[PDB]
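Novice: Here it is, the structure, as structure tokens.
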Amino acid sequence: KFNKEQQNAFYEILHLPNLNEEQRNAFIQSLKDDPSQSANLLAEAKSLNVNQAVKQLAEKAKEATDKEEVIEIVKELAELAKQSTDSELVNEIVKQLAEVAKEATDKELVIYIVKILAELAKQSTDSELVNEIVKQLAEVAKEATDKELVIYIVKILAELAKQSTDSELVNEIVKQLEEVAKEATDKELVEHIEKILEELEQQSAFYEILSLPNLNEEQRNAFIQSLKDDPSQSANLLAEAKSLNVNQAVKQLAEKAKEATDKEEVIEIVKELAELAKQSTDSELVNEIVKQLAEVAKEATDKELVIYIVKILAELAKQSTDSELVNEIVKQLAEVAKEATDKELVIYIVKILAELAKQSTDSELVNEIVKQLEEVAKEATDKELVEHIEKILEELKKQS
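Taken in order, the sequence shown gives residues 61 to 460; the numbers are from this note's numbering.
Have a look at this one:
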């Protein structure tokens, strides 16, 4: 025996128009199996009923020869996505509208549907439904054969991007217009899309440069003002900013390492710098990381941390095949050793540079290391240390 809301669920299920009989009887059977789920089944049924509804509508828009019938069907679907509030269904409706457009023989009808989708995106707070509309409009353009349809749709996407604060949507629109231009045989269509892409890319670069966290207010203002004075170089400026942004990030890590009082934290920061340099393929950034590590070692007061950093730089020199970088690490280690006041550290660095020299095939590196150690020995007033360095030097000379 049912109860009011379960019986009402029964009657409603009995009246859903876009279910076939077997789906209705399934939902009724399930309601009789467990009336406590009455709400659930009801909502489930209603969702199914509307989804098949739009499907029915879709095929009626696609079989209709009267250009007004398709306007009424598309308008009905449009009012069903707009005037309703359901997240996943509206996506299905933009996909069906898009198919109706893709198969449309009349350009006016395509323009109407595209306008409707543009208005769904413009009046939407759901980022992923705007992304889906962008995807579908973009596909309509790529498959369109009339030039005017393509121009209209890419101008629509451009206006969607120029009324947006979100950078991911601007970059996604930029990638869809890039694909449309790349698969376009018509040259003036390509040139127009590229002008649009220039404006959009300058906008996006403006937002990115504003969002970069590790530059001060004054170089960010410098970059955006140079962006205003010559927009065409939005790439050249943005690259600059990003490089500078990571550069001053590295220095900040270095400073955060210098000011840490916990050995384990300094170790973690040094691993983050080092293993950022090892996996990064930017030459001057790696250079800056090396000299920042060297400075951390230079002013560090803990023997363990100097040894750790020296070991890190050595490990970077042994696996790197960049000559200027390896000589840069060698000189950095060398002046760490010259300025260090602890014999254990001088001896360790001398052994490290010696290992590098014995590893090296290059005579410029071997003899530069040799002269570095000769300087170190020239400034040492401790006879055990000068003997140590003299042995290392004589073995290095016997090497080659």
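Note that the Cβ used here is the ideal one computed from N, Cα and C, for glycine as well.
Helix, strand or coil, according to DSSP, for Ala360 in the structure here?
Specialist: Coil, per DSSP.
Novice: Is DSSP giving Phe62 helix, strand or coil here?
Specialist: Reduced to three states, the DSSP call for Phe62 is coil.
Novice: Would you mind sorting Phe62 into buried or exposed? The rule is 16 or more other CB atoms within 10 Å of its CB.
Specialist: By the neighbour-count rule (16 or more Cβ atoms within 10 Å), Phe62 is not buried but exposed.
Novice: With 16 as the cutoff for other CB atoms within 10 Å, does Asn296 come out buried or exposed?
Specialist: Exposed is the call here.
Novice: Does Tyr368 pass the burial test, meaning 16 or more other C-beta atoms within 10 Å, or should it be called exposed?
Specialist: When all chains shown are included, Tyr368 counts as buried.
Novice: If you drop the 5 nearest sequence neighbours on each side, which residues of the same chain put their C-beta closer than 7 Å to that of residue 30?
Specialist: Here the chain covers residues 61 to 460 and nothing more, so residue 30 does not appear.
Novice: Compute the Euclidean distance between the alpha carbons of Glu447 and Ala301, then round it to the nearest angstrom.
Specialist: Looking at the two C-alpha atoms, the distance is approximately 50 Å.
Novice: Alpha carbon to alpha carbon, how far is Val356 from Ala317? Give it in angstroms, no decimals.
Specialist: Their backbone Cα atoms lie some 7 Å apart in a straight line.
Novice: Quick test of the definition: if touching needs 3 or more C-beta pairs under 8 Å, does the region 414-423 touch the region 435-442?
Specialist: Verdict: no, contact absent.
Novice: Which runs of the alpha helix (DSSP H) spanning at least 4 residues fall entirely within the region 244-306, listed in chain order?
Specialist: 247-271 and 277-289, all fully within the region 244-306.
Novice: Could you compute how far the alpha carbon of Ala158 sits from the alpha carbon of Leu197?
Specialist: About 7 Å.
Novice: By how many angstroms is the C-alpha of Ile269 removed from the C-alpha of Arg280?
Specialist: Distance between the alpha carbons of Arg280 and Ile269: 7 Å.
Novice: Considering only the alpha carbon of each residue, which of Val426, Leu298, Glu139 and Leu74 lies closest to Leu117?
Specialist: Closest option to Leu117, Cα to Cα, is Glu139.
Novice: Measure how close the beta-carbons of residue 470 and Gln262 come, nearest whole angstrom, since I'm counting them as under 8 Å.
Specialist: Nothing can be reported for residue 470, as the shown portion of the chain is limited to 61 through 460.
Novice: Could you check where the alpha helix (DSSP H) with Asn80 kicks off and where it finishes?
Specialist: Looking at the DSSP string, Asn80 is not in any alpha helix (DSSP H), and its letter there is neither H nor E.
Novice: Counting C-beta neighbours from all protein chains within 10 Å, is the total for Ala103 16 or more, i.e. buried, or is it exposed?
Specialist: Result: exposed.
Novice: Mind checking whether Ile73 and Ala113 have CB atoms under 8 Å apart?
Specialist: No, these two residues do not count as a Cβ contact at 8 Å.
Novice: By the DSSP assignment, the alpha helix (DSSP H) with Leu180 in it spans what residues?
Specialist: Taken as a continuous stretch (DSSP letters only), the alpha helix (DSSP H) holding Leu180 covers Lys167 to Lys182.
Novice: Judging by CA-CA distance, which residue of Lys167, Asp166, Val200 and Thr165 is the nearest neighbour of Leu177?
Specialist: Comparing Cα-Cα distances from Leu177 to each of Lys167, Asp166, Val200 and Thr165, the minimum goes to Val200.
Novice: Look up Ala105 in the DSSP assignment and say whether it is helix, strand or coil.
Specialist: In the structure shown, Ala105 sits in a helix (DSSP, three-state: H, G or I).
Novice: So, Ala377 versus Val390, is the Cβ gap smaller than 8 Å?
Specialist: Going by C-beta atoms, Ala377 is nearer than 8 Å to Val390.
Novice: Under 7 Å Cβ to Cβ from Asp402, same chain only, skipping five residues before and after it: list those, please.
Specialist: So the list reads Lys363, once near-sequence residues are dropped.
Novice: On a Cα-Cα basis, can you pick out the residue from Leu336, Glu375, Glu335 and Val330 that is closest to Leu353?
Specialist: The shortest C-alpha separation from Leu353 is found at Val330.
Novice: Which class does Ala354 belong to by DSSP, given the choice of helix, strand or coil?
Specialist: Helix at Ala354.
Novice: How is the alpha helix (DSSP H) around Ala204 delimited, first residue to last?
Specialist: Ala204 -> no alpha helix (DSSP H), and no H or E assigned at all.
Novice: Under 8 Å by Cβ, that's how I've got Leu272 and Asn305 pegged, so tell me the actual separation to the nearest angstrom.
Specialist: Indeed, because the Cβ distance is near 4 Å, the residues count as touching under 8 Å.
Novice: Going by alpha carbons, who is nearest to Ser303 out of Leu275, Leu149 and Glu428?
Specialist: Comparing Cα positions, the closest option is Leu275.
Novice: When you measure from the CB of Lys398 to every non-hydrogen atom of the ligand ATP, does any distance come out below 7 Å?
Specialist: Among the ligands in the structure shown, none appear at all, so the ligand ATP cannot be discussed.
Novice: Are the region 84-97 and the region 129-146 in contact at 8 Å, needing three or more beta carbon pairs?
Specialist: These segments do not touch.
Novice: Alpha carbon to alpha carbon, what distance is there between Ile349 and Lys311?
Specialist: Distance between the alpha carbons of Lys311 and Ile349: 8 Å.
Novice: Which residue marks the beginning of the alpha helix (DSSP H) containing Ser423, and which one marks its end?
Specialist: Residues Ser423 to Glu439.
Novice: Within its chain, find whatever has a CB closer than 6 Å to the CB of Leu220; leave out the 5 residues flanking it on each side and keep chain order.
Specialist: Cβ within range, chain order: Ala181.
Novice: Restricting to Cα atoms, I'd like to know which of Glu399, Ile253, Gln83 and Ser184 is closest to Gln223.
Specialist: With distances taken between Cα atoms, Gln223 lies closest to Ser184.
Novice: Quick one, are the C-beta atoms of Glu388 and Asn427 less than 8 Å apart?
Specialist: Not in contact: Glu388 and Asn427 (Cβ atoms no closer than 8 Å).
Novice: Could you check what DSSP says for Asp93 in three-state terms: helix, strand or coil?
Specialist: In the structure shown, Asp93 sits in a helix (DSSP, three-state: H, G or I).
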